[PDB]
>>> print(open('data.pdb').read())   # PDB, C-alpha atoms
ATOM      1  CA  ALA Y   1       0.000   0.000   0.000  1.00  0.00           C
ATOM      2  CA  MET Y   2       1.798   3.132   1.217  1.00  0.00           C
ATOM      3  CA  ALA Y   3       5.405   3.824   0.302  1.00  0.00           C
ATOM      4  CA  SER Y   4       7.900   6.519   1.104  1.00  0.00           C
ATOM      5  CA  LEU Y   5      10.188   7.901  -1.572  1.00  0.00           C
ATOM      6  CA  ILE Y   6      13.809   8.965  -1.048  1.00  0.00           C
ATOM      7  CA  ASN Y   7      15.118  11.649  -3.422  1.00  0.00           C
ATOM      8  CA  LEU Y   8      18.410  10.546  -5.005  1.00  0.00           C
ATOM      9  CA  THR Y   9      18.591  13.519  -7.385  1.00  0.00           C
ATOM     10  CA  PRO Y  10      20.512  16.814  -6.910  1.00  0.00           C
ATOM     11  CA  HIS Y  11      17.294  18.851  -6.536  1.00  0.00           C
ATOM     12  CA  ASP Y  12      14.153  18.834  -4.420  1.00  0.00           C
ATOM     13  CA  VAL Y  13      11.306  17.104  -6.264  1.00  0.00           C
ATOM     14  CA  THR Y  14       7.883  18.753  -5.945  1.00  0.00           C
ATOM     15  CA  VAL Y  15       4.709  17.509  -7.645  1.00  0.00           C
ATOM     16  CA  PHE Y  16       2.238  20.248  -8.512  1.00  0.00           C
ATOM     17  CA  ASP Y  17      -1.491  19.887  -8.982  1.00  0.00           C
ATOM     18  CA  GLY Y  18      -2.140  23.171 -10.729  1.00  0.00           C
ATOM     19  CA  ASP Y  19      -0.370  25.760  -8.575  1.00  0.00           C
ATOM     20  CA  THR Y  20      -0.514  23.616  -5.425  1.00  0.00           C
ATOM     21  CA  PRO Y  21       2.434  21.411  -4.375  1.00  0.00           C
ATOM     22  CA  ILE Y  22       0.791  18.117  -3.371  1.00  0.00           C
ATOM     23  CA  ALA Y  23       4.029  16.257  -2.535  1.00  0.00           C
ATOM     24  CA  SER Y  24       7.665  17.198  -2.067  1.00  0.00           C
ATOM     25  CA  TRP Y  25      10.826  15.236  -1.328  1.00  0.00           C
ATOM     26  CA  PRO Y  26      14.019  17.039  -0.297  1.00  0.00           C
ATOM     27  CA  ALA Y  27      17.300  16.201  -2.009  1.00  0.00           C
ATOM     28  CA  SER Y  28      18.852  13.543   0.245  1.00  0.00           C
ATOM     29  CA  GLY Y  29      22.415  14.623  -0.614  1.00  0.00           C
ATOM     30  CA  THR Y  30      23.008  11.274  -2.362  1.00  0.00           C
ATOM     31  CA  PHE Y  31      22.937  11.343  -6.163  1.00  0.00           C
ATOM     32  CA  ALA Y  32      22.154   7.961  -7.694  1.00  0.00           C
ATOM     33  CA  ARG Y  33      24.238   7.666 -10.847  1.00  0.00           C
ATOM     34  CA  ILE Y  34      26.452   5.357 -12.845  1.00  0.00           C
ATOM     35  CA  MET Y  35      29.916   6.768 -12.144  1.00  0.00           C
ATOM     36  CA  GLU Y  36      32.080   7.828 -15.054  1.00  0.00           C
ATOM     37  CA  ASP Y  37      35.716   8.351 -15.947  1.00  0.00           C
ATOM     38  CA  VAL Y  38      36.213  11.043 -18.582  1.00  0.00           C
ATOM     39  CA  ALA Y  39      39.487  10.668 -20.458  1.00  0.00           C
ATOM     40  CA  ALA Y  40      41.487  13.698 -21.590  1.00  0.00           C
ATOM     41  CA  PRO Y  41      40.178  14.895 -24.987  1.00  0.00           C
ATOM     42  CA  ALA Y  42      41.752  13.669 -28.222  1.00  0.00           C
ATOM     43  CA  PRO Y  43      41.319  15.586 -31.489  1.00  0.00           C
ATOM     44  CA  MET Y  44      38.720  14.588 -34.045  1.00  0.00           C
ATOM     45  CA  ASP Y  45      39.086  15.912 -37.584  1.00  0.00           C
ATOM     46  CA  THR Y  46      35.783  17.436 -38.686  1.00  0.00           C
ATOM     47  CA  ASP Y  47      34.661  19.744 -41.460  1.00  0.00           C
ATOM     48  CA  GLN Y  48      34.353  22.348 -38.674  1.00  0.00           C
ATOM     49  CA  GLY Y  49      38.055  21.854 -37.752  1.00  0.00           C
ATOM     50  CA  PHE Y  50      39.747  19.899 -34.969  1.00  0.00           C
ATOM     51  CA  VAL Y  51      37.287  19.156 -32.155  1.00  0.00           C
ATOM     52  CA  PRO Y  52      38.134  17.777 -28.684  1.00  0.00           C
ATOM     53  CA  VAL Y  53      36.467  14.427 -28.005  1.00  0.00           C
ATOM     54  CA  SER Y  54      36.679  12.644 -24.645  1.00  0.00           C
ATOM     55  CA  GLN Y  55      36.038   8.945 -24.225  1.00  0.00           C
ATOM     56  CA  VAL Y  56      33.700   8.383 -21.288  1.00  0.00           C
ATOM     57  CA  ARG Y  57      33.886   5.062 -19.444  1.00  0.00           C
ATOM     58  CA  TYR Y  58      31.133   4.034 -17.034  1.00  0.00           C
ATOM     59  CA  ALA Y  59      31.087   1.704 -14.054  1.00  0.00           C
ATOM     60  CA  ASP Y  60      29.276  -1.631 -14.059  1.00  0.00           C
ATOM     61  CA  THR Y  61      27.341  -0.747 -10.869  1.00  0.00           C
ATOM     62  CA  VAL Y  62      25.207   2.181  -9.761  1.00  0.00           C
ATOM     63  CA  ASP Y  63      26.480   4.459  -7.000  1.00  0.00           C
ATOM     64  CA  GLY Y  64      24.076   6.033  -4.508  1.00  0.00           C
ATOM     65  CA  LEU Y  65      21.163   3.671  -5.280  1.00  0.00           C
ATOM     66  CA  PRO Y  66      19.978   1.687  -2.218  1.00  0.00           C
ATOM     67  CA  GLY Y  67      18.697  -1.847  -2.367  1.00  0.00           C
ATOM     68  CA  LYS Y  68      15.058  -2.691  -3.002  1.00  0.00           C
ATOM     69  CA  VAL Y  69      12.814  -3.106   0.034  1.00  0.00           C
ATOM     70  CA  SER Y  70       9.074  -3.341   0.638  1.00  0.00           C
ATOM     71  CA  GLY Y  71       7.596   0.089   1.399  1.00  0.00           C
ATOM     72  CA  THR Y  72      10.408   2.416   0.225  1.00  0.00           C
ATOM     73  CA  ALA Y  73      11.174   3.495  -3.343  1.00  0.00           C
ATOM     74  CA  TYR Y  74      13.529   5.908  -5.013  1.00  0.00           C
ATOM     75  CA  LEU Y  75      13.305   9.143  -6.982  1.00  0.00           C
ATOM     76  CA  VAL Y  76      16.104   9.124  -9.508  1.00  0.00           C
ATOM     77  CA  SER Y  77      17.120  10.860 -12.705  1.00  0.00           C
ATOM     78  CA  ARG Y  78      15.201   9.825 -15.778  1.00  0.00           C
ATOM     79  CA  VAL Y  79      18.522   8.779 -17.339  1.00  0.00           C
ATOM     80  CA  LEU Y  80      19.261   6.371 -14.482  1.00  0.00           C
ATOM     81  CA  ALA Y  81      15.717   4.958 -14.530  1.00  0.00           C
ATOM     82  CA  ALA Y  82      16.133   4.255 -18.235  1.00  0.00           C
ATOM     83  CA  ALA Y  83      19.431   2.402 -17.672  1.00  0.00           C
ATOM     84  CA  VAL Y  84      18.299   0.343 -14.647  1.00  0.00           C
ATOM     85  CA  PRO Y  85      15.104  -1.745 -15.200  1.00  0.00           C
ATOM     86  CA  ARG Y  86      13.976  -1.815 -11.573  1.00  0.00           C
ATOM     87  CA  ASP Y  87      10.322  -1.306 -10.635  1.00  0.00           C
ATOM     88  CA  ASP Y  88      11.050   0.885  -7.568  1.00  0.00           C
ATOM     89  CA  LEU Y  89      12.544   3.794  -9.553  1.00  0.00           C
ATOM     90  CA  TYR Y  90      10.524   6.936 -10.274  1.00  0.00           C
ATOM     91  CA  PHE Y  91      11.574  10.083 -12.109  1.00  0.00           C
ATOM     92  CA  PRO Y  92      10.120  13.594 -12.462  1.00  0.00           C
ATOM     93  CA  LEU Y  93       7.699  13.793 -15.385  1.00  0.00           C
ATOM     94  CA  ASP Y  94       6.240  16.867 -17.116  1.00  0.00           C
ATOM     95  CA  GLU Y  95       8.551  19.534 -15.733  1.00  0.00           C
ATOM     96  CA  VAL Y  96       7.043  22.774 -14.451  1.00  0.00           C
ATOM     97  CA  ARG Y  97       9.190  25.844 -15.061  1.00  0.00           C
ATOM     98  CA  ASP Y  98       9.107  29.431 -13.878  1.00  0.00           C
ATOM     99  CA  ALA Y  99       9.293  32.319 -16.335  1.00  0.00           C
ATOM    100  CA  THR Y 100      13.124  32.169 -16.377  1.00  0.00           C
ATOM    101  CA  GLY Y 101      12.948  28.519 -17.521  1.00  0.00           C
ATOM    102  CA  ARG Y 102      14.075  27.115 -14.141  1.00  0.00           C
ATOM    103  CA  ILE Y 103      12.443  23.844 -13.139  1.00  0.00           C
ATOM    104  CA  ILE Y 104      10.378  24.325  -9.974  1.00  0.00           C
ATOM    105  CA  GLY Y 105       8.425  21.060  -9.997  1.00  0.00           C
ATOM    106  CA  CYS Y 106       6.748  18.386 -12.082  1.00  0.00           C
ATOM    107  CA  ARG Y 107       3.152  17.325 -12.794  1.00  0.00           C
ATOM    108  CA  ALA Y 108       3.703  13.590 -12.236  1.00  0.00           C
ATOM    109  CA  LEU Y 109       6.250  10.920 -11.608  1.00  0.00           C
ATOM    110  CA  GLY Y 110       7.203   8.522 -14.372  1.00  0.00           C
ATOM    111  CA  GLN Y 111       8.129   4.862 -14.317  1.00  0.00           C
ATOM    112  CA  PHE Y 112       9.531   2.971 -17.301  1.00  0.00           C
ATOM    113  CA  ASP Y 113       7.351   0.047 -18.360  1.00  0.00           C
ATOM    114  CA  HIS Y 114       9.245  -3.252 -18.355  1.00  0.00           C
TER     115      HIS Y 114
ATOM    116  CA  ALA R   1      40.188  11.025 -41.527  1.00  0.00           C
ATOM    117  CA  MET R   2      37.741  13.936 -41.767  1.00  0.00           C
ATOM    118  CA  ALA R   3      34.102  13.547 -40.804  1.00  0.00           C
ATOM    119  CA  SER R   4      31.078  15.780 -40.809  1.00  0.00           C
ATOM    120  CA  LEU R   5      28.644  15.756 -37.914  1.00  0.00           C
ATOM    121  CA  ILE R   6      24.866  16.156 -38.201  1.00  0.00           C
ATOM    122  CA  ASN R   7      23.110  17.635 -35.155  1.00  0.00           C
ATOM    123  CA  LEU R   8      20.173  15.438 -34.104  1.00  0.00           C
ATOM    124  CA  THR R   9      19.460  17.416 -30.925  1.00  0.00           C
ATOM    125  CA  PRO R  10      16.884  20.223 -30.413  1.00  0.00           C
ATOM    126  CA  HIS R  11      19.596  22.894 -30.026  1.00  0.00           C
ATOM    127  CA  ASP R  12      22.601  24.188 -31.936  1.00  0.00           C
ATOM    128  CA  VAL R  13      25.804  22.598 -30.628  1.00  0.00           C
ATOM    129  CA  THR R  14      28.799  24.935 -30.303  1.00  0.00           C
ATOM    130  CA  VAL R  15      32.217  23.908 -28.970  1.00  0.00           C
ATOM    131  CA  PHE R  16      34.095  26.689 -27.212  1.00  0.00           C
ATOM    132  CA  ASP R  17      37.832  26.979 -26.753  1.00  0.00           C
ATOM    133  CA  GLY R  18      37.846  29.615 -24.049  1.00  0.00           C
ATOM    134  CA  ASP R  19      35.507  32.321 -25.348  1.00  0.00           C
ATOM    135  CA  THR R  20      35.986  31.344 -29.002  1.00  0.00           C
ATOM    136  CA  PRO R  21      33.525  29.017 -30.785  1.00  0.00           C
ATOM    137  CA  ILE R  22      35.779  26.613 -32.709  1.00  0.00           C
ATOM    138  CA  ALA R  23      32.970  24.479 -34.191  1.00  0.00           C
ATOM    139  CA  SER R  24      29.204  24.746 -34.463  1.00  0.00           C
ATOM    140  CA  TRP R  25      26.495  22.502 -35.882  1.00  0.00           C
ATOM    141  CA  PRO R  26      22.965  23.835 -36.406  1.00  0.00           C
ATOM    142  CA  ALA R  27      19.987  21.845 -35.151  1.00  0.00           C
ATOM    143  CA  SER R  28      18.945  19.762 -38.171  1.00  0.00           C
ATOM    144  CA  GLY R  29      15.266  19.758 -37.138  1.00  0.00           C
ATOM    145  CA  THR R  30      15.437  15.984 -36.541  1.00  0.00           C
ATOM    146  CA  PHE R  31      15.619  14.880 -32.907  1.00  0.00           C
ATOM    147  CA  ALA R  32      17.136  11.428 -32.481  1.00  0.00           C
ATOM    148  CA  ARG R  33      15.265   9.741 -29.649  1.00  0.00           C
ATOM    149  CA  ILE R  34      13.645   6.519 -28.544  1.00  0.00           C
ATOM    150  CA  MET R  35       9.942   7.329 -28.886  1.00  0.00           C
ATOM    151  CA  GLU R  36       7.704   6.959 -25.865  1.00  0.00           C
ATOM    152  CA  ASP R  37       4.071   6.414 -24.975  1.00  0.00           C
ATOM    153  CA  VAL R  38       3.115   7.986 -21.651  1.00  0.00           C
ATOM    154  CA  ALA R  39       0.055   6.377 -20.096  1.00  0.00           C
ATOM    155  CA  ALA R  40      -2.490   8.421 -18.144  1.00  0.00           C
ATOM    156  CA  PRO R  41      -1.344   8.744 -14.501  1.00  0.00           C
ATOM    157  CA  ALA R  42      -2.522   6.273 -11.864  1.00  0.00           C
ATOM    158  CA  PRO R  43      -2.385   7.123  -8.149  1.00  0.00           C
ATOM    159  CA  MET R  44       0.448   5.939  -5.946  1.00  0.00           C
ATOM    160  CA  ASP R  45      -0.065   5.989  -2.185  1.00  0.00           C
ATOM    161  CA  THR R  46       2.886   7.743  -0.553  1.00  0.00           C
ATOM    162  CA  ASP R  47       3.598   9.251   2.838  1.00  0.00           C
ATOM    163  CA  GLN R  48       3.267  12.598   1.013  1.00  0.00           C
ATOM    164  CA  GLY R  49      -0.281  11.661  -0.141  1.00  0.00           C
ATOM    165  CA  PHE R  50      -1.624  10.365  -3.449  1.00  0.00           C
ATOM    166  CA  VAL R  51       0.841  11.061  -6.271  1.00  0.00           C
ATOM    167  CA  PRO R  52       0.181  10.688 -10.025  1.00  0.00           C
ATOM    168  CA  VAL R  53       2.482   8.137 -11.657  1.00  0.00           C
ATOM    169  CA  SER R  54       2.532   7.487 -15.410  1.00  0.00           C
ATOM    170  CA  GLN R  55       3.910   4.319 -16.940  1.00  0.00           C
ATOM    171  CA  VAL R  56       6.214   5.196 -19.826  1.00  0.00           C
ATOM    172  CA  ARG R  57       6.658   2.652 -22.618  1.00  0.00           C
ATOM    173  CA  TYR R  58       9.481   3.019 -25.135  1.00  0.00           C
ATOM    174  CA  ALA R  59       9.909   1.796 -28.689  1.00  0.00           C
ATOM    175  CA  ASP R  60      12.370  -0.924 -29.662  1.00  0.00           C
ATOM    176  CA  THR R  61      13.972   1.289 -32.351  1.00  0.00           C
ATOM    177  CA  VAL R  62      15.416   4.791 -32.420  1.00  0.00           C
ATOM    178  CA  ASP R  63      13.607   7.502 -34.375  1.00  0.00           C
ATOM    179  CA  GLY R  64      15.549  10.234 -36.171  1.00  0.00           C
ATOM    180  CA  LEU R  65      18.912   8.406 -36.077  1.00  0.00           C
ATOM    181  CA  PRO R  66      20.379   7.765 -39.563  1.00  0.00           C
ATOM    182  CA  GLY R  67      22.367   4.706 -40.480  1.00  0.00           C
ATOM    183  CA  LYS R  68      26.122   4.478 -40.018  1.00  0.00           C
ATOM    184  CA  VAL R  69      28.300   5.503 -42.955  1.00  0.00           C
ATOM    185  CA  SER R  70      31.986   6.247 -43.476  1.00  0.00           C
ATOM    186  CA  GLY R  71      32.696   9.971 -43.081  1.00  0.00           C
ATOM    187  CA  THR R  72      29.503  11.182 -41.336  1.00  0.00           C
ATOM    188  CA  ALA R  73      28.651  10.913 -37.637  1.00  0.00           C
ATOM    189  CA  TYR R  74      25.905  12.144 -35.378  1.00  0.00           C
ATOM    190  CA  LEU R  75      25.521  14.577 -32.494  1.00  0.00           C
ATOM    191  CA  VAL R  76      22.872  13.194 -30.193  1.00  0.00           C
ATOM    192  CA  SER R  77      21.626  13.598 -26.651  1.00  0.00           C
ATOM    193  CA  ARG R  78      23.820  12.077 -23.991  1.00  0.00           C
ATOM    194  CA  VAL R  79      20.840   9.934 -22.945  1.00  0.00           C
ATOM    195  CA  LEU R  80      20.521   8.437 -26.433  1.00  0.00           C
ATOM    196  CA  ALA R  81      24.280   7.845 -26.709  1.00  0.00           C
ATOM    197  CA  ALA R  82      24.143   5.953 -23.424  1.00  0.00           C
ATOM    198  CA  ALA R  83      21.282   3.728 -24.646  1.00  0.00           C
ATOM    199  CA  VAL R  84      22.714   2.995 -28.122  1.00  0.00           C
ATOM    200  CA  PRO R  85      26.289   1.547 -28.141  1.00  0.00           C
ATOM    201  CA  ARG R  86      27.284   2.845 -31.569  1.00  0.00           C
ATOM    202  CA  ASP R  87      30.721   4.365 -32.179  1.00  0.00           C
ATOM    203  CA  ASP R  88      29.453   7.202 -34.434  1.00  0.00           C
ATOM    204  CA  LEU R  89      27.457   8.972 -31.693  1.00  0.00           C
ATOM    205  CA  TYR R  90      28.807  12.080 -29.961  1.00  0.00           C
ATOM    206  CA  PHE R  91      27.190  14.210 -27.273  1.00  0.00           C
ATOM    207  CA  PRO R  92      27.897  17.657 -25.796  1.00  0.00           C
ATOM    208  CA  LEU R  93      30.321  17.432 -22.877  1.00  0.00           C
ATOM    209  CA  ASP R  94      31.169  20.045 -20.228  1.00  0.00           C
ATOM    210  CA  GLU R  95      28.312  22.472 -20.787  1.00  0.00           C
ATOM    211  CA  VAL R  96      29.073  26.188 -20.945  1.00  0.00           C
ATOM    212  CA  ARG R  97      26.359  28.401 -19.481  1.00  0.00           C
ATOM    213  CA  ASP R  98      25.659  32.114 -19.485  1.00  0.00           C
ATOM    214  CA  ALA R  99      24.961  33.989 -16.258  1.00  0.00           C
ATOM    215  CA  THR R 100      21.248  33.043 -16.393  1.00  0.00           C
ATOM    216  CA  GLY R 101      22.213  29.338 -16.437  1.00  0.00           C
ATOM    217  CA  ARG R 102      21.289  28.856 -20.123  1.00  0.00           C
ATOM    218  CA  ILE R 103      23.527  26.472 -22.038  1.00  0.00           C
ATOM    219  CA  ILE R 104      25.341  28.331 -24.825  1.00  0.00           C
ATOM    220  CA  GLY R 105      27.928  25.700 -25.754  1.00  0.00           C
ATOM    221  CA  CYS R 106      30.190  22.918 -24.552  1.00  0.00           C
ATOM    222  CA  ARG R 107      33.950  22.455 -24.086  1.00  0.00           C
ATOM    223  CA  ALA R 108      34.165  19.051 -25.798  1.00  0.00           C
ATOM    224  CA  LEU R 109      32.205  16.244 -27.311  1.00  0.00           C
ATOM    225  CA  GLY R 110      31.862  12.961 -25.464  1.00  0.00           C
ATOM    226  CA  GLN R 111      31.713   9.392 -26.688  1.00  0.00           C
ATOM    227  CA  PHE R 112      30.832   6.420 -24.490  1.00  0.00           C
ATOM    228  CA  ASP R 113      33.604   3.829 -24.323  1.00  0.00           C
ATOM    229  CA  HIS R 114      32.435   0.378 -25.418  1.00  0.00           C
TER     230      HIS R 114
END
>>> encode(input="data.pdb", output="structure tokens")
Amino acid sequence: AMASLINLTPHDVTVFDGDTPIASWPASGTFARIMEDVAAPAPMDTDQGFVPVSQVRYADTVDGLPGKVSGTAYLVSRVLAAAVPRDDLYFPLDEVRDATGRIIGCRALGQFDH
Amino acid sequence: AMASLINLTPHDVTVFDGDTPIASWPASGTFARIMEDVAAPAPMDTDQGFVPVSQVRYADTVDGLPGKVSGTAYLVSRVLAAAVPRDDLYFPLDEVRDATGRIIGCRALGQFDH
């Protein structure tokens, strides 16, 4: 039935119903992500000239993502949710922005269908 | 040797060396992405109250991504590049922002190491 969500993204997540925030989860301080190692750039010859290109290697595990348990689930980046086919991962869906374009909330959470 | 890059993202991609744009590729109008179908939200019972959650289904192919050829490669979203382990996909790396936080360029391109 009821679950609590822990926010593993760098920003507070707030769901808006119209102008009313109906749920909010503070950034936990932990950022669930697949860690990377960005190599120094090497030059690529393009029509536009020489362009720096870095190879990016990624870990085989996720950092900052707790284990599944009954009754707790996780707010993560959409990119992580796409990469990790777990059914306890939720991401902000339908971003709500202020006039400057800054994200202040979302209209729903999303879950990838597996 | 030399390659041209087609920009399959919604924004112009400009690589900066310091304050100087050393390469730029205009948005082609085609956005390479795995297409989605977002279901109507269903309620999830959370400690924060009832929250709308949409299931998101994704296609088995990529839309807007041309076939590999010698001498042409593709600028795509980092999220697509992560999902599709092709060696002709490049994404903006090390975003350069103006004072308002708007992305105006990048310092390099990235490629995921396979």
>>> closest_atom_pairs(input="data.pdb", of="chain R", to="chain Y", cutoff="9 Å", atoms="only C-alpha atoms", output="JSON lines")
{"residue": "R:1", "atom": "CA", "partner": "Y:45", "partner_atom": "CA", "distance": 6.4}
{"residue": "R:2", "atom": "CA", "partner": "Y:45", "partner_atom": "CA", "distance": 4.8}
{"residue": "R:3", "atom": "CA", "partner": "Y:46", "partner_atom": "CA", "distance": 4.7}
{"residue": "R:4", "atom": "CA", "partner": "Y:47", "partner_atom": "CA", "distance": 5.4}
{"residue": "R:5", "atom": "CA", "partner": "Y:46", "partner_atom": "CA", "distance": 7.4}
{"residue": "R:15", "atom": "CA", "partner": "Y:51", "partner_atom": "CA", "distance": 7.6}
{"residue": "R:22", "atom": "CA", "partner": "Y:49", "partner_atom": "CA", "distance": 7.3}
{"residue": "R:23", "atom": "CA", "partner": "Y:48", "partner_atom": "CA", "distance": 5.2}
{"residue": "R:24", "atom": "CA", "partner": "Y:48", "partner_atom": "CA", "distance": 7.1}
{"residue": "R:25", "atom": "CA", "partner": "Y:48", "partner_atom": "CA", "distance": 8.3}
{"residue": "R:38", "atom": "CA", "partner": "Y:110", "partner_atom": "CA", "distance": 8.4}
{"residue": "R:41", "atom": "CA", "partner": "Y:108", "partner_atom": "CA", "distance": 7.4}
{"residue": "R:44", "atom": "CA", "partner": "Y:2", "partner_atom": "CA", "distance": 7.8}
{"residue": "R:45", "atom": "CA", "partner": "Y:2", "partner_atom": "CA", "distance": 4.8}
{"residue": "R:46", "atom": "CA", "partner": "Y:3", "partner_atom": "CA", "distance": 4.7}
{"residue": "R:47", "atom": "CA", "partner": "Y:4", "partner_atom": "CA", "distance": 5.4}
{"residue": "R:48", "atom": "CA", "partner": "Y:23", "partner_atom": "CA", "distance": 5.2}
{"residue": "R:49", "atom": "CA", "partner": "Y:23", "partner_atom": "CA", "distance": 6.7}
{"residue": "R:50", "atom": "CA", "partner": "Y:22", "partner_atom": "CA", "distance": 8.1}
{"residue": "R:51", "atom": "CA", "partner": "Y:108", "partner_atom": "CA", "distance": 7.1}
{"residue": "R:52", "atom": "CA", "partner": "Y:108", "partner_atom": "CA", "distance": 5.1}
{"residue": "R:53", "atom": "CA", "partner": "Y:109", "partner_atom": "CA", "distance": 4.7}
{"residue": "R:54", "atom": "CA", "partner": "Y:110", "partner_atom": "CA", "distance": 4.9}
{"residue": "R:55", "atom": "CA", "partner": "Y:111", "partner_atom": "CA", "distance": 5.0}
{"residue": "R:56", "atom": "CA", "partner": "Y:112", "partner_atom": "CA", "distance": 4.7}
{"residue": "R:57", "atom": "CA", "partner": "Y:113", "partner_atom": "CA", "distance": 5.0}
{"residue": "R:58", "atom": "CA", "partner": "Y:113", "partner_atom": "CA", "distance": 7.7}
{"residue": "R:79", "atom": "CA", "partner": "Y:79", "partner_atom": "CA", "distance": 6.2}
{"residue": "R:82", "atom": "CA", "partner": "Y:83", "partner_atom": "CA", "distance": 8.2}
{"residue": "R:83", "atom": "CA", "partner": "Y:83", "partner_atom": "CA", "distance": 7.3}
{"residue": "R:90", "atom": "CA", "partner": "Y:53", "partner_atom": "CA", "distance": 8.2}
{"residue": "R:93", "atom": "CA", "partner": "Y:54", "partner_atom": "CA", "distance": 8.2}
{"residue": "R:100", "atom": "CA", "partner": "Y:100", "partner_atom": "CA", "distance": 8.2}
{"residue": "R:101", "atom": "CA", "partner": "Y:102", "partner_atom": "CA", "distance": 8.7}
{"residue": "R:102", "atom": "CA", "partner": "Y:101", "partner_atom": "CA", "distance": 8.7}
{"residue": "R:107", "atom": "CA", "partner": "Y:52", "partner_atom": "CA", "distance": 7.8}
{"residue": "R:108", "atom": "CA", "partner": "Y:52", "partner_atom": "CA", "distance": 5.1}
{"residue": "R:109", "atom": "CA", "partner": "Y:53", "partner_atom": "CA", "distance": 4.7}
{"residue": "R:110", "atom": "CA", "partner": "Y:54", "partner_atom": "CA", "distance": 4.9}
{"residue": "R:111", "atom": "CA", "partner": "Y:55", "partner_atom": "CA", "distance": 5.0}
{"residue": "R:112", "atom": "CA", "partner": "Y:56", "partner_atom": "CA", "distance": 4.7}
{"residue": "R:113", "atom": "CA", "partner": "Y:57", "partner_atom": "CA", "distance": 5.0}
{"residue": "R:114", "atom": "CA", "partner": "Y:57", "partner_atom": "CA", "distance": 7.7}
>>> write_last_selection(input="data.pdb", atoms="C-alpha atoms", output="PDB file, keeping the file's coordinate frame")
ATOM      1  CA  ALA R   1      40.188  11.025 -41.527  1.00  0.00           C
ATOM      2  CA  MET R   2      37.741  13.936 -41.767  1.00  0.00           C
ATOM      3  CA  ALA R   3      34.102  13.547 -40.804  1.00  0.00           C
ATOM      4  CA  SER R   4      31.078  15.780 -40.809  1.00  0.00           C
ATOM      5  CA  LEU R   5      28.644  15.756 -37.914  1.00  0.00           C
ATOM      6  CA  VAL R  15      32.217  23.908 -28.970  1.00  0.00           C
ATOM      7  CA  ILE R  22      35.779  26.613 -32.709  1.00  0.00           C
ATOM      8  CA  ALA R  23      32.970  24.479 -34.191  1.00  0.00           C
ATOM      9  CA  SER R  24      29.204  24.746 -34.463  1.00  0.00           C
ATOM     10  CA  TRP R  25      26.495  22.502 -35.882  1.00  0.00           C
ATOM     11  CA  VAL R  38       3.115   7.986 -21.651  1.00  0.00           C
ATOM     12  CA  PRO R  41      -1.344   8.744 -14.501  1.00  0.00           C
ATOM     13  CA  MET R  44       0.448   5.939  -5.946  1.00  0.00           C
ATOM     14  CA  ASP R  45      -0.065   5.989  -2.185  1.00  0.00           C
ATOM     15  CA  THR R  46       2.886   7.743  -0.553  1.00  0.00           C
ATOM     16  CA  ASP R  47       3.598   9.251   2.838  1.00  0.00           C
ATOM     17  CA  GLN R  48       3.267  12.598   1.013  1.00  0.00           C
ATOM     18  CA  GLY R  49      -0.281  11.661  -0.141  1.00  0.00           C
ATOM     19  CA  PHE R  50      -1.624  10.365  -3.449  1.00  0.00           C
ATOM     20  CA  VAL R  51       0.841  11.061  -6.271  1.00  0.00           C
ATOM     21  CA  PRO R  52       0.181  10.688 -10.025  1.00  0.00           C
ATOM     22  CA  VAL R  53       2.482   8.137 -11.657  1.00  0.00           C
ATOM     23  CA  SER R  54       2.532   7.487 -15.410  1.00  0.00           C
ATOM     24  CA  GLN R  55       3.910   4.319 -16.940  1.00  0.00           C
ATOM     25  CA  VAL R  56       6.214   5.196 -19.826  1.00  0.00           C
ATOM     26  CA  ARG R  57       6.658   2.652 -22.618  1.00  0.00           C
ATOM     27  CA  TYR R  58       9.481   3.019 -25.135  1.00  0.00           C
ATOM     28  CA  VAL R  79      20.840   9.934 -22.945  1.00  0.00           C
ATOM     29  CA  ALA R  82      24.143   5.953 -23.424  1.00  0.00           C
ATOM     30  CA  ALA R  83      21.282   3.728 -24.646  1.00  0.00           C
ATOM     31  CA  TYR R  90      28.807  12.080 -29.961  1.00  0.00           C
ATOM     32  CA  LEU R  93      30.321  17.432 -22.877  1.00  0.00           C
ATOM     33  CA  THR R 100      21.248  33.043 -16.393  1.00  0.00           C
ATOM     34  CA  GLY R 101      22.213  29.338 -16.437  1.00  0.00           C
ATOM     35  CA  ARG R 102      21.289  28.856 -20.123  1.00  0.00           C
ATOM     36  CA  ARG R 107      33.950  22.455 -24.086  1.00  0.00           C
ATOM     37  CA  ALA R 108      34.165  19.051 -25.798  1.00  0.00           C
ATOM     38  CA  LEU R 109      32.205  16.244 -27.311  1.00  0.00           C
ATOM     39  CA  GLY R 110      31.862  12.961 -25.464  1.00  0.00           C
ATOM     40  CA  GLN R 111      31.713   9.392 -26.688  1.00  0.00           C
ATOM     41  CA  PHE R 112      30.832   6.420 -24.490  1.00  0.00           C
ATOM     42  CA  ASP R 113      33.604   3.829 -24.323  1.00  0.00           C
ATOM     43  CA  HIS R 114      32.435   0.378 -25.418  1.00  0.00           C
TER      44      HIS R 114
END
>>> atom_distance(input="data.pdb", atom1="atom CA of residue 8 of chain R", atom2="atom CA of residue 104 of chain R")
16.7 Å
>>> resolve_selection(input="data.pdb", expression="the PyMOL selection byres ((chain R and resi 10) around 8)", output="PDB file with C-alpha atoms, in the coordinates of the input")
ATOM      1  CA  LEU R   8      20.173  15.438 -34.104  1.00  0.00           C
ATOM      2  CA  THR R   9      19.460  17.416 -30.925  1.00  0.00           C
ATOM      3  CA  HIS R  11      19.596  22.894 -30.026  1.00  0.00           C
ATOM      4  CA  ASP R  12      22.601  24.188 -31.936  1.00  0.00           C
ATOM      5  CA  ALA R  27      19.987  21.845 -35.151  1.00  0.00           C
ATOM      6  CA  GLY R  29      15.266  19.758 -37.138  1.00  0.00           C
ATOM      7  CA  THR R  30      15.437  15.984 -36.541  1.00  0.00           C
ATOM      8  CA  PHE R  31      15.619  14.880 -32.907  1.00  0.00           C
TER       9      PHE R  31
END
>>> residues_near_point(input="data.pdb", point="(30.7, 4.8, -38.3)", cutoff="9 Å", atoms="only C-alpha atoms", output="count of residues only")
11
